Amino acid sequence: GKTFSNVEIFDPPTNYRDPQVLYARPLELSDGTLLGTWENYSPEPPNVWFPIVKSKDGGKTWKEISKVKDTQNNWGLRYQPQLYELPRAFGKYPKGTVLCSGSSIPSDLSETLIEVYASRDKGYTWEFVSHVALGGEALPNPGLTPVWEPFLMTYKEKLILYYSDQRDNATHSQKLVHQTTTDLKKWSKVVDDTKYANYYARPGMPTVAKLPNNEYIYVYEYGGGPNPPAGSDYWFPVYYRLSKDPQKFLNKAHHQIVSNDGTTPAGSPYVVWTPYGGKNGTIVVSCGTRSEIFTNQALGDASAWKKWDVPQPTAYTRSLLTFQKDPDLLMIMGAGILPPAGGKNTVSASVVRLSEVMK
């Protein structure tokens, strides 16, 4: 069998700094190997790194094979890792190269620097490729200028790196932006993806998936979005946009995700698409404040979102992975909650079948 529930990947030493672990991310290679990583809050020195775990049995067991380390800044690789496998070459990086992007940040949190590292041997060793984006102080407060949360995706002959940007700090508390490259070394000028006229709005945490009608779905948390629930004054509802050209989300209409029973997912979302479920496949979305998954089999029709229970617990930016050889299988991976986490975060995962979950 392929399914399992709550398999522990990593339990941190008890002396790791709160939250100890956070922000889990998985990747499936073209040979079926799985890699995984997370924010690893070790006592420094040495500078923090991103651990790389590998599974050859579809996620049932895991072993650390390497670390991605900051070789450039003497700061560490600290926040928001993202793994990606090149589906075609980009200059001297061929198809099957594994990228790890993430944010290099000094211990004192005074700067943020989105980097790209590459592995030419399926995750055993890593090399620095390029600096992408430099920002200011690594706290999510209006007026500071950090960059955060890289997400990588190919579109035709470009590689696009989507992220959150606080550097337009006189006009947007935070906005969503991207840059593109064709060689992994030179990055285009910043292009806006989503921004809101309310200064205090904080769209954040972009993820993107490709749909079978040649459209892309772009999902984010809309901080400051309308209709915050009773008692609260600011919330992070999950919104999305649809576009044929994934460099042009900025001019598209936005849509809140609300399931047919009225549930409104909020926080740190993650989207994938799988061919499972019909000609439109299934869009699957997780959010960071509840344990269910949200599905859509109508190409993002705003009235067609459903919600289903799964065994994987709620986690900040809980992530998802679809398996190429079996589109019915979905991995759900998390590394716990935002601090204070009380020493209790671990990295874990579950693999479910959508045909079983969606009954």
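Start at 1 and count along the sequence shown; that's the residue number.
The deposited model assigns a higher average Cα B-factor to 317-325 than to the other stretch when 317-325 and 46-54 are compared. Higher mean CA temperature factor between 281-289 and 259-267: 259-267, per the PDB entry. Comparing C-alpha B-factors across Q80, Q72, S130, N214 in the deposited entry, the largest value falls on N214. When the C-alpha B-factors of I105, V208, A118, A230 are read from the PDB record, the largest value belongs to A230. Ranked within its chain, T194 lands in the middle third, by CA B factor from the PDB record. When the modelled residues of the chain are ordered by C-alpha B-factor, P26 sits in the middle third. In this PDB entry, the Cα temperature factor of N40 sits in the bottom third of its chain's modelled residues, the lowest group.
Among the modelled residues of its chain, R88 has a C-alpha B-factor that falls in the highest third, as given in the PDB entry. In the PDB entry, a CA B factor belonging to the highest third of its chain's modelled residues is recorded for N141.
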